[PDB]
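*Asks:* Provided hereafter are the protein sequence and its experimental coordinates.
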Amino acid sequence: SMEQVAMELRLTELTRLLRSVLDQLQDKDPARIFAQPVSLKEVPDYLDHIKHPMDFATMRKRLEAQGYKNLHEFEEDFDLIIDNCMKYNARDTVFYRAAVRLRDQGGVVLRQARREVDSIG
């Protein structure tokens with residue numbers, strides 16, 4: 001149908017907007033602490049602690065499969081990255097501190113993305 005195509009054009013454009021959002025969020029992690037999954041070879045007990053691991057490469061795979069329906073789902077994944085880190089790592093670690101800084105700096109980007117997604121529809 002012509003509607004299914006219109007729908008698909010919106011998703012594609014949402015994917016386009018979220019790709020730019022993801023790039024902006026990932027620039028706020030210059031140390032690449034959150035770039036890839038926590039290694040289960042290097043942290044073999046990780047899943048006893050964190051039940052839903054997340055990282056920026058995993059979000060990117062989902063993004064490029066147009067697997068995000070709306071900004072809320074995307075934010076859910078971003079929030080996992082931060083919250084998992086703040087639980088696994090103690091307050092006085094470079095990892096926890098990195099997550100706090102990503103949360104704080106990401107807020108600005110996510111604030112404007114929500115306005116853009118509502119605005120453009």
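*Replies:* Cool, the structure landed. Numbering: from 1, shown residues only.

*Asks:* got the contact list for the spatially most central residue of the chain?
*Replies:* The residue lying closest to the centre of the chain (Cα atoms, centre = their mean) is residue 78, at 3.1 Å. By Cβ atoms under 8 Å, 6 or more residues apart in numbering, the contact set of residue 78 is 25, 59, 106, 110. Using the backbone N, CA and C atoms, a C-beta is placed for each residue, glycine as well.

*Asks:* which single one of the residues you listed is nearest to residue 8?
*Replies:* residue 59 (21.1 Å; Cβ to Cβ).

*Asks:* roughly how far apart are residue 57 and residue 108?
*Replies:* 23 Å (Cβ to Cβ, to the nearest Å).

*Asks:* thinking again about what came up before, ok, so of the contacts of residue 78, who is nearest residue 12?
*Replies:* Closest to residue 12, out of all of the contacts of residue 78 and judged by Cβ to Cβ, is residue 59, at 17.4 Å.

*Asks:* tell me where the protein has strands.
*Replies:* Counting by DSSP state E, the chain forms no strands at all.

*Asks:* could you pull up phi and psi at the residue nearest to residue 80 when sequence neighbours are not counted?
*Replies:* Excluding its sequence neighbours, the residue lying closest to residue 80 (Cβ to Cβ, 6 or more residues apart in numbering) is residue 54, at 3.8 Å. Phi and psi for residue 54, reported as degrees, to the nearest 10, are phi -150, psi 160.

*Asks:* isn't residue 54 up against residue 83?
*Replies:* No. Judged on Cβ atoms under 8 Å, residue 54 makes no contact with residue 83 at a distance of 9.1 Å.

*Asks:* who has more neighbours out of the two?
*Replies:* Legend: neighbour count by other Cβ atoms under 10 Å for residue 54 and residue 83, higher for residue 54 (21 against 15).

*Asks:* mind listing what the more buried one touches?
*Replies:* So residue 54 contacts 77, 80-81, 84 (Cβ under 8 Å, 6+ apart).
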